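Enquirer: This is the structure, below, for whatever I ask next.
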Amino acid sequence: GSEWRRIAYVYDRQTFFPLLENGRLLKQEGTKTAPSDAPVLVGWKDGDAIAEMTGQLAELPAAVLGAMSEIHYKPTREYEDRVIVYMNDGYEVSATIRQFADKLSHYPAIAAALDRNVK
C-alpha cells in the first residue's frame, strides 16, 4: 500500500524508533517499548549503516526477522560490518551486514567452528 513496513526498531534516545524496510529510521515515531515481532537495533551507527542491515532484513526470511532480541553493531578488525543479533533463547549470533540475511537465512543451521580461534 503506502509507506514502507517497519522491519526493525532502533533503540536510541531512550526510545524504540521504528525502522522501515528501506532502513528509514523514524526517530520521530519512537515508542517506549520493544517490539518482539521484529529485531531491535541497539547502539547502532549512523542511519547510513543501519540502512545496510535493513536492506538485508528487508529481504531475509520473515521467520528470523520475528525470532530475535536485539542487533548490536560490533565491528571487527577484519569485519567492520560485523553485527550481533540476540536470540529469544538467550543465544548470540554474529552476522555480517553484507551477508546478514544469508547468515540468518540459514537459521536454524548456523554457528560453525569459525568462532574458536577468535576469542
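Residues are named by chain letter and number: chains run A, B, ... in the order of the C-alpha cells, numbers start at 1 in each chain, and ligands are numbered from 1 in the order shown.
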Please provide the set of residues having any atom within 7 Å of range 25-33 of chain A, restricted to only C-alpha atoms, with same-chain residues fewer than 5 positions apart removed, written as a tab-separated table (two decimals) with N, CA, C and O atoms, in the first residue's frame.

Expert:
```tsv
chain	number	residue	atom	x	y	z
A	15	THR	N	14.29	5.46	23.45
A	15	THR	CA	13.07	5.08	22.76
A	15	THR	C	13.36	4.08	21.64
A	15	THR	O	14.50	3.95	21.19
A	16	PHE	N	12.32	3.38	21.19
A	16	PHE	CA	12.47	2.40	20.12
A	16	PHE	C	11.92	2.95	18.81
A	16	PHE	O	10.74	2.81	18.49
A	17	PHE	N	12.81	3.59	18.05
A	17	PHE	CA	12.46	4.19	16.77
A	17	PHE	C	12.11	3.12	15.73
A	17	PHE	O	12.90	2.20	15.51
A	18	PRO	N	10.94	3.21	15.06
A	18	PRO	CA	10.53	2.24	14.04
A	18	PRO	C	11.35	2.36	12.76
A	18	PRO	O	11.31	3.40	12.09
A	19	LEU	N	12.07	1.30	12.42
A	19	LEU	CA	12.88	1.30	11.21
A	19	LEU	C	12.14	0.61	10.07
A	19	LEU	O	11.72	-0.55	10.18
A	20	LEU	N	11.98	1.34	8.97
A	20	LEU	CA	11.28	0.83	7.79
A	20	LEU	C	12.11	-0.23	7.07
A	20	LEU	O	13.26	-0.47	7.41
A	47	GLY	N	22.44	6.18	10.44
A	47	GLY	CA	21.39	5.52	9.69
A	47	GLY	C	21.90	4.94	8.38
A	47	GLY	O	21.33	3.98	7.86
```

Enquirer: Find the spatial neighbours of residue 118 in chain A, counting only C-alpha atoms, within a cut-off of 12 Å - ignore same-chain residues fewer than 5 positions away - and output them as a PyMOL selection string.

Expert: chain A and resi 76-78+113

Enquirer: Please produce a file of the residues just selected, as a CSV table (one decimal), in the first residue's frame, where the atoms kept are N, CA, C and O atoms.

Expert:
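part-v1.csv written:
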```csv
chain,number,residue,atom,x,y,z
A,76,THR,N,34.7,-5.5,13.6
A,76,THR,CA,36.0,-6.2,13.9
A,76,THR,C,37.1,-5.8,13.0
A,76,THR,O,36.8,-5.2,11.9
A,77,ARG,N,38.3,-6.0,13.4
A,77,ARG,CA,39.5,-5.6,12.6
A,77,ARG,C,39.4,-6.2,11.2
A,77,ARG,O,40.0,-5.7,10.2
A,78,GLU,N,38.7,-7.3,11.0
A,78,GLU,CA,38.5,-8.0,9.7
A,78,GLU,C,37.1,-7.9,9.2
A,78,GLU,O,36.8,-8.2,8.0
A,113,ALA,N,32.5,-23.9,13.4
A,113,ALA,CA,33.8,-23.9,14.1
A,113,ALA,C,34.7,-22.7,13.7
A,113,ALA,O,35.9,-22.8,14.0
```

Enquirer: Tell me, in Å to one decimal, how far CA of residue 108 in chain A is from CA of residue 48 in chain A.

Expert: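 Between CA of residue 108 in chain A and CA of residue 48 in chain A the gap is 29.0 Å.
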
Enquirer: Compile a residue-level contact table for range 20-41 of chain A against range 55-66 of chain A at a cut-off of 12 Å, reporting for every qualifying residue the shortest atom pair and its distance in Å to one decimal, with only C-alpha atoms counted, rows ordered by chain and ascending number, as CSV.

Expert:
```
residue,atom,partner,partner_atom,distance
A:20,CA,A:58,CA,8.6
A:21,CA,A:58,CA,5.1
A:22,CA,A:55,CA,6.0
A:23,CA,A:55,CA,6.7
A:24,CA,A:55,CA,10.3
A:35,CA,A:66,CA,9.5
A:36,CA,A:66,CA,7.0
A:37,CA,A:66,CA,4.9
A:38,CA,A:66,CA,4.9
A:39,CA,A:65,CA,6.4
A:40,CA,A:65,CA,10.1
A:41,CA,A:57,CA,11.5
```

Enquirer: Residues within 10 Å of residue 115 in chain A, please, as a PDB file with C-alpha atoms, in the first residue's frame. Count only C-alpha atoms; anything in the same chain fewer than 4 positions from it doesn't count.

Expert:
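Generated output (out-v8.pdb):
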```pdb
ATOM      1  CA  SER A  94      27.191 -12.835  14.964  1.00  0.00           C
ATOM      2  CA  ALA A 111      27.165 -21.473  14.347  1.00  0.00           C
ATOM      3  CA  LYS A 119      38.149 -15.319  21.317  1.00  0.00           C
TER       4      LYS A 119
END
```

Enquirer: Can you tell me, as a ChimeraX atom specification, which residues in range 6-119 of chain A count as helix (DSSP H, G or I) by DSSP?

Expert: /A:27-29,47-57,62-66,100-105

Enquirer: Excluding same-chain residues fewer than 6 positions from residue 112 in chain A, what lies within 12 Å of it counting only C-alpha atoms, as a list in words?

Expert: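 With the cut-off at 12 Å, the set is residues 93, 94, 103 and 106 of chain A.
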
Enquirer: Would you put the residues from that selection into a file with C-alpha atoms, as an mmCIF file, in the first residue's frame?

Expert:
```
data_model
loop_
_atom_site.group_PDB
_atom_site.id
_atom_site.type_symbol
_atom_site.label_atom_id
_atom_site.label_comp_id
_atom_site.auth_asym_id
_atom_site.auth_seq_id
_atom_site.Cartn_x
_atom_site.Cartn_y
_atom_site.Cartn_z
ATOM 1 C CA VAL A 93 24.577 -14.998 16.680
ATOM 2 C CA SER A 94 27.191 -12.835 14.964
ATOM 3 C CA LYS A 103 23.679 -15.738 7.773
ATOM 4 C CA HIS A 106 20.498 -20.419 7.364
#
```

Enquirer: For the structure I just gave you, how does DSSP split range 9-105 of chain A - specifically, which residues are strand (DSSP E)? Reply as a PyMOL selection string.

Expert: chain A and resi 9-12+15-20+40-42+71-73+82-86+92-96

Enquirer: If you measure from CA of residue 5 in chain A to CA of residue 68 in chain A, what distance in Å do you get, rounded to one decimal?

Expert: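 One can read the CA of residue 5 in chain A to CA of residue 68 in chain A distance as 17.5 Å.
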
Enquirer: Could you check how far CA of residue 80 in chain A sits from CA of residue 45 in chain A, in Å to one decimal?

Expert: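 Pair CA of residue 80 in chain A / CA of residue 45 in chain A returns 11.4 Å.
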